[PDB]
Each structure stands twice: as C-alpha cells, then as structure tokens.
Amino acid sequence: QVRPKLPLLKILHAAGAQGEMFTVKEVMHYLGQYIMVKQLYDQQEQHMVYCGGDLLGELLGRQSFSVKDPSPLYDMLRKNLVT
C-alpha cells in the first residue's frame, strides 16, 4: 500500500478516488480516470496526453507525455508515493 502526497491525492480525488491509502494499481487506475475527466488526451492520437496548464503537468514537469513512454509518469510516482 502507498499514501500519495497531497497534490497527487487531490488529482486522484478529482477522478473519483476516496481515502488516503491505495495500492499502486488503484493509483494508476485513478490517474487514467483523471486524464479522461479533464480530457487531456488527444482524441486524434489517443496515447498522447497534453497536461500543460494542468496540475498534472506541474507534478510531471512536462507539457506532454505518451502512454508509450511512461517514464516521466513513473518518476513522478516514485517522488509522490510514500511506501
């Protein structure tokens, strides 16, 4: 089980997550749900996520990322999940 830091927790809650403690599988699930709630993926190139000007981009340190190269996402999670 992991406990997200507050900015990441707010993202998960905005996507429908409840509580403070999660499995990594649950964190990944609600990050995907957040990207869809905020409509951050490109409808015409659906592996591309454009997160500039969103809190998610601020945590990632990126304007965009691809689901085919999730390395910046994993770097963020390592920094923002307390295990």
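Quick note: we count residues from 1 along the sequence shown, nothing fancier. Note that the rigid core is defined as the largest set of C-alphas that superpose within 1.5 Å between two forms.
S.K.: Report the stretch with the higher root mean square CA deviation, pooled over structures and residues in 8 other deposited structures of this protein, choosing between 37-45 and 24-32 after a rigid core fit.
M.R.: Most displaced of the pair in 8 other deposited structures of this protein: 37-45.
S.K.: Which is higher on average in the deposited entry, the C-alpha temperature factors of 25-33 or of 44-52?
M.R.: That would be 44-52.
S.K.: Could you tell me which third, lowest, middle or highest, the C-alpha B-factor of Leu8 occupies within its chain?
M.R.: Bottom third by C-alpha B-factor.
S.K.: Going by the recorded CA B-factors, say which third of the chain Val67 sits in, lowest, middle or highest.
M.R.: Its C-alpha B-factor, which the entry lists for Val67, ranks in the lowest third among residues of this chain.
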